[PDB]
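Order of the sequence lines fixes the chain letters, A, B, ..., with proteins taken first and strands second; residue numbering starts at 1 for each chain. Computation of the quantities below employed the complete heavy-atom set of this structure, encompassing side-chain atoms and omitting hydrogens, waters and symmetry-equivalent molecules.
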Amino acid sequence: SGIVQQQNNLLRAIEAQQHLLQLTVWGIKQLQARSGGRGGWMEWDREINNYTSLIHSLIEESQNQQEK
Amino acid sequence: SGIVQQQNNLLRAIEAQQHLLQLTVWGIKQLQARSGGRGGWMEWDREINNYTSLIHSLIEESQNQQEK
Amino acid sequence: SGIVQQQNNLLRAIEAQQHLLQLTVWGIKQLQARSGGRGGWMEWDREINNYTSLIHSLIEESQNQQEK
């Protein structure tokens with residue numbers, strides 16, 4: 001308790017920022033499709049996708065270890 | 001101390017990322033106003049606004065519990 | 001251990017979000033250069049640069065204190 005609840009809202013804060021991040025990335029995508037980019041950016045998505053997965057996996061860790 | 005100071009710069013890091021997030025969201029807004037979108041995106045702002053508030057509230061939690 | 005490993009993946013999660021943030025900021029830059037903005041935004045970069053440094057420094061703190 002206490003110290004551990006501190007890590008409670010810490011993860012919650014980060015989980016929420018992830019959503020604001022995805023919403024942000026999403027906002028960027030559409031701004032790039034309007035312009036007219038049939039590619040030549042697909043490797044930029046490859047990077048955010050790999051960091052999103054790496055992040056979502058790390059959040060899983062935290063949720064399971066915050067069980068004990 | 002120690003463990004608790006670790007949670008010190010942890011929150012600080014997240015509070016700073018929030019600003020970089022708002023700066024990011026803000027950078028996206030203007031790019032959407034230039035184009036000419038008199039709406040049809042207002043529900044996307046509704047989502048970031050609700051996550052920004054949820055986040056700002058969670059940071060408050062951390063600041064008060066980091067008092068004891 | 002335990003509590004401390006919890007702060008392990010916590011920092012890792014934040015370090016990863018920083019990259020997704022830089023990737024996000026970067027995605028915004030190009031969308032602003034295409035349009036044609038030879039300035040009048042350089043003080044917006046001044047803000048993200050100063051928060052990126054402030055953040056990268058805070059992460060350093062965490063990495064060194066997570067040594068003891």
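- Side-chain contact between C/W26 and C/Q22: absent, with no pair of heavy atoms (C-beta onward) separated by less than 4.5 Å.
- The minimum heavy-atom distance linking B/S62 with B/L11 is given by the pair CB-CD1, 3.4 Å.
- Heavy atoms only, all atoms of each residue included: C/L23 and A/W44 are closest at O-NE1, 3.2 Å.
- C/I28 contributes atom CD1, which lies 10.0 Å from atom CD of A/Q32 (distance to the nearest 0.5 angstrom).
- The two residues C/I55 and B/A16 come nearest to each other via the heavy atoms CG1-CB, 3.5 Å.
- Partners of C/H56 by ring-ring contact (aromatic ring centres under 6.0 Å, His included), not counting sequence neighbours: none found.
- The distance from atom OH of B/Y51 to atom OG1 of A/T24, rounded to the nearest 0.5 Å, is 12.5 Å.
- Of all non-hydrogen atoms in C/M42 and C/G39, the two that sit nearest each other are SD-CA, 3.3 Å.
- Sorted by first and then second residue, the side-chain hydrogen bond (donor to acceptor under 3.5 Å, both in side chains) pairs involving residues 2-17 of chain C (not counting sequence neighbours) are A/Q18-C/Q17, A/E61-C/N9, A/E61-C/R12, A/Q65-C/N9, C/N8-C/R12, C/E15-C/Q63.
- To the nearest 0.5 Å, atom CG of residue A/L10 and atom CG of residue B/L10 are 4.5 Å apart.
- More than 12 heavy atoms of other residues, nucleotides or ligands sit less than 6.0 Å from atom CZ of B/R46.
- Note: C/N64 CG to C/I59 CD1 = 12.0 Å, rounded to the nearest 0.5 Å.
- One distance of note links CD1 of B/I14 with CD1 of A/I14; it measures 3.5 Å at 0.5 Å rounding.
- Considering all non-hydrogen atoms of both residues, A/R34 and B/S35 come closest at NH1-CB, 3.8 Å.
- Taking CD1 of A/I48 as the start and NZ of A/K29 as the end, the distance is 5.0 Å to the nearest 0.5 Å.
- When side chains are defined from C-beta on, A/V25 counts as touching C/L20, because their heavy atoms get closer than 4.5 Å.
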